[PDB]
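Note sheet for the following structure.
Every heavy atom of this structure was used, including side-chain atoms; hydrogens, water molecules and symmetry mates were not. Count residues from 1 along the sequence.
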Amino acid sequence: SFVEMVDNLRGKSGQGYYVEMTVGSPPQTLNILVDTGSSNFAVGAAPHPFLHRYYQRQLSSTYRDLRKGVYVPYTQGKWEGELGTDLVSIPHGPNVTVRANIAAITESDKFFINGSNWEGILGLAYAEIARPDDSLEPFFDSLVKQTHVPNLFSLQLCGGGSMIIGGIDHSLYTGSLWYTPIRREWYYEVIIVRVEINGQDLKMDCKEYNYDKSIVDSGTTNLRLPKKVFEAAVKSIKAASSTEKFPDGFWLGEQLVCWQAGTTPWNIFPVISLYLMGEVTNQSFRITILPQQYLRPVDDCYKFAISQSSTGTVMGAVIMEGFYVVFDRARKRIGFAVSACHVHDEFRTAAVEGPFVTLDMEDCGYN
Ligand SMILES: CN(C)C(=O)c1cc2cc(c1)C(=O)N[C@H]([C@@H](O)CO)Cc1cccc(c1)OCCCCO2
């Protein structure tokens with residue numbers, strides 16, 4: 001029954017991917033950012049310069065006030081609001097209606113994005129990081145509890161896309177799905193066991209790759225890397241592309257770089273392979289990222305979409321684009337496969353490949 005959910009996402013890596021939802025009775029239609037990096041469902045509920053519409057609780061006969069406030073900070077932006085519950089549906093999702101927790105956003109700071117076309121956020125991660133605490137049941141938990149929707153979803157982000165709620169649509173990917181364990185149910189936390197650039201091992205202690213966590217986050221644009229890993233990767237990418245020279249602010253994500261339309265020198269930029277812990281003992285697999293993913297288009301002009309982090313690795317939208325990503329909550333694992341909407345180079349291709357042998361993978365997790 002998944003064909004109804006194919007292509008139910010709109011947006012881009014830079015401003016977020018959103019799905020259409022309705023809240024309340026009669027249904028009020030809103031576009032909702034798909035965020036695997038948080039766990040609160042929240043919607044604009046007061047006028048705002050960047051909102052073209054918002055949730056009006058006074059117009060919904062099924063609205064219930066919870067008489068409790070809430071604030072949620074993100075890496076970029078934050079909001080505060082008032083908690084309640086209401087009936088929620090996804091028109092291009094499963095044919096169900098659930099009563100879900102909803103934060104009515106009344107004040108916000110650098111959260112809504114001008115011209116993004118979304119008015120709320122769907123946090124798909126686990127209750128452990130929900131605000132104000134883990135007793136506020138996340139949307140997907142309510143969906144699974146109240147309906148027969150299986151406890152998994154998958155995301156095909158195309159650099160539009162698809163959020164398949166309750167399963168896997170095999171027409172959306174090619175080759176094999178490779179699975180990595182969800183290390184802990186809070187963020188979608190994973191363990192990176194090896195990193196190669198153009199086939200050259202970065203040869204860092206693999207704990208550095210996951211310091212202090214590594215997560216899969218559809219709501220972050222960039223591949224974000226811990227400082228030490230970021231410095232090693234930039235040095236290697238600079239070396240591979242030293243044919244040309246770029247402003248020092250290009251590598252910080254500030255300045256864009258442009259080339260005569262159709263002459264982008266893709267071949268001077270390396271591929272990046274991230275090896276992830278596998279399902280069996282001493283087994284990993286790799287996903288390979290092309291420069292067409294980490295040079296985000298904005299002549300042909302691009303921003304460098306690899307940036308530094310102090311809260312661990314973030315596999316953001318530019319990594320997820322071109323892969324089909326299965327958030328298999330029931331089996332505590334995340335699957336990767338080459339997406340049907342994959343990145344096209346002429347001599348290189350994004351890939352998900354295995355198996356690989358990797359010893360001592362448990363040592364790669366940070367404590
Ligand atoms: C340095 N720096 C600011 C970043 O690296 C960055 C970039 C980014 C989003 C976040 C962080 C962010 O905080 N993302 C949030 C959660 O996933 C993680 O906490 C979700 C969120 C919150 C507000 C607006 C959003 C997404 O817009 C989506 C468009 C893409 C914006 O790209």
Problem set entry | Transitive ILVMFWY side-chain link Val98 to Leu87, under 4.5 Å | no

For this session: Determine the interplanar angle of the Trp79 and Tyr74 rings, folded into 0 to 90°, and report it as parallel if under 30°, tilted if 30 to 60°, perpendicular if over 60°.
Result: tilted

Exercise. Do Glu189 and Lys213 meet the salt-bridge criterion of a basic N to acidic O distance under 4.0 Å?
Worked result: no

Exercise. With distance as the sole test, does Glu82 use its side chain to make a donor-acceptor pair with the main-chain N or O of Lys68 at under 3.5 Å?
Worked result: yes

Exercise. Do other residues, nucleotides or ligands put more than 12 heavy atoms under 6.0 Å from the CD atom of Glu244?
Worked result: yes

For this session: Using the ring pair (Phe, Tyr, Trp, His ring centres under 6.0 Å) rule, collect all pairs that involve residues 18-42, keeping only residues at least two apart or in two chains.
Result: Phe41-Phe139

Seminar exercise, completed: Taken to the nearest 0.5 Å, the spacing of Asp248 CG from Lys238 NZ works out to 5.5 Å

Problem set entry | Close aromatic pair by centroid cut-off 6.0 Å: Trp118 and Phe111 | yes

Problem set entry | Within 6.0 Å of CZ in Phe230, more than 12 heavy atoms from elsewhere | yes

Problem set entry | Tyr302 ring center near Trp266 ring center (under 6.0 Å) | yes

For this session: Would you mind telling me which of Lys12, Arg10, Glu321 makes a side chain to side chain donor-acceptor pair (under 3.5 Å) with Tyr17?
Result: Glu321

For this session: Given side chain to side chain donor-acceptor pair (under 3.5 Å), test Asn40 with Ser38 step by step and report yes or no.
Result: CA-CA 6 Å; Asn40 282 77; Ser38 66; over 6 Å; no

Seminar exercise, completed: Output for pair (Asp212 CG, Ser310 OG), nearest 0.5 Å, gives 8.5 Å

Problem set entry | More than 12 heavy atoms of other groups within 6.0 Å of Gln200 CD | no

Exercise. So do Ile192 and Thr313 actually touch side chain to side chain, heavy atoms under 4.5 Å?
Worked result: yes

For this session: Go through the steps to decide whether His170 and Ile168 satisfy the test side chain to side chain contact (heavy atoms under 4.5 Å, CB included), and finish with yes or no.
Result: CA-CA 6 Å; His170 296 255; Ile168 295 169; 4.0 Å; yes

For this session: Check whether the ring centres of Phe336 and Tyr324 lie less than 6.0 Å apart, and answer yes or no.
Result: no

Problem set entry | Short side-chain to backbone donor-acceptor contact, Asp134 and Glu128, under 3.5 Å | no

Problem set entry | Within 6.0 Å of CZ in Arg331, more than 12 heavy atoms from elsewhere | no

Problem set entry | Flag side-chain contact, heavy atom, 4.5 Å: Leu83 against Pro132 | yes

For this session: Could you label the plane-to-plane angle of the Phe304 and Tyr294 rings as parallel, tilted or perpendicular, counting under 30° as parallel and over 60° as perpendicular?
Result: perpendicular

Seminar exercise, completed: So CD of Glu119 and CG of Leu30: to nearest 0.5 Å the spacing works out to 5.5 Å

Exercise. Would you say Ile197 and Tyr275 are hydrophobically clustered, going by side-chain heavy atoms of ILVMFWY under 4.5 Å?
Worked result: no

Exercise. Can you check whether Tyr126 and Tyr188 have ring centres sitting under 6.0 Å from each other?
Worked result: yes

Problem set entry | Rounded distance [0.5 Å steps], CD1 in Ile102 versus OH in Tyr63 | 9.0 Å

Exercise. Between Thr221 and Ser13, is there a donor-acceptor pair closer than 3.5 Å when you use the side chain of the first and the backbone of the second?
Worked result: yes

Problem set entry | Close aromatic pair by centroid cut-off 6.0 Å: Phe285 and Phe356 | no

Exercise. Is there a donor-acceptor pair closer than 3.5 Å between any side-chain N or O of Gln293 and the backbone N or O of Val318?
Worked result: yes

For this session: Specify whether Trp251 and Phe246 have parallel, tilted or perpendicular ring planes, treating 30° as the upper limit for parallel and 60° as the lower limit for perpendicular.
Result: perpendicular

Problem set entry | Donor-acceptor pair, side chain of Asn198 and main chain of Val271, under 3.5 angstrom | yes

Exercise. If you measure from CG on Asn8 to CD on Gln156, what distance do you get to the nearest 0.5 Å?
Worked result: 10.0 Å

For this session: Go through the steps to decide whether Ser25 and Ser61 satisfy the test side chain to side chain donor-acceptor pair (under 3.5 Å), and finish with yes or no.
Result: CA-CA 6 Å; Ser25 315; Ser61 66; 4.8 Å; no

For this session: Decide side chain to side chain contact (heavy atoms under 4.5 Å, CB included) for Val193 and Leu276; before the verdict, give the C-alpha distance in whole Å, the side-chain angles of both, and the deciding distance to 0.1 Å.
Result: CA-CA 6 Å; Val193 300; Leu276 298 169; over 6 Å; no

For this session: Output yes when a side-chain donor or acceptor of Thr220 lies under 3.5 Å from a complementary backbone atom of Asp217, and no otherwise.
Result: no

Exercise. Are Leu155 and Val314 joined in one hydrophobic group, where the rule is that I, L, V, M, F, W and Y side chains link up if heavy atoms are under 4.5 Å apart?
Worked result: no

Problem set entry | Same apolar cluster: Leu274 and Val326, side chain cutoff 4.5 Å | yes

For this session: Would you check, one step at a time, whether the test side chain to side chain contact (heavy atoms under 4.5 Å, CB included) holds for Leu136 with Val70?
Result: CA-CA 10 Å; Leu136 195 77; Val70 60; 5.6 Å; no

Problem set entry | Flag if over 12 foreign heavy atoms under 6.0 Å of CG, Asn95 | no

Exercise. Any side-chain heavy atom of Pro91 within less than 4.5 Å of one from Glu20?
Worked result: yes

Problem set entry | Check: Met315 and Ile287 side chains under 4.5 Å, non-hydrogen atoms | yes

Exercise. Without hydrogens or angle criteria, can the side chains of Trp178 and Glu353 be said to hold a donor-acceptor pair below 3.5 Å?
Worked result: no

Problem set entry | side-chain hydrogen bond (donor to acceptor under 3.5 Å, both in side chains) contacts in which one or both residues fall within residues 201-211, not counting sequence neighbours | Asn210-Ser214

For this session: Look at the side-chain heavy atoms of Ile, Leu, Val, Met, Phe, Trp and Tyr, link any pair under 4.5 Å apart, and say whether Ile113 and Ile105 land in one connected group.
Result: yes

Exercise. Are the side chains of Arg224 and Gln308 in touch, meaning some heavy atoms are under 4.5 Å apart?
Worked result: no

Exercise. Using 4.0 Å as the upper bound for N to carboxylate O, is an ion pair formed by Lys227 and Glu231?
Worked result: yes

For this session: Verify side chain to side chain contact (heavy atoms under 4.5 Å, CB included) between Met277 and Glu362, making sure each step is shown before the conclusion.
Result: CA-CA 9 Å; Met277 173 179 294; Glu362 290 300 328; 3.7 Å; yes

For this session: Give, for atom CG of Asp328 and atom OG of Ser154, the distance between the pair rounded to the nearest 0.5 Å.
Result: 10.0 Å

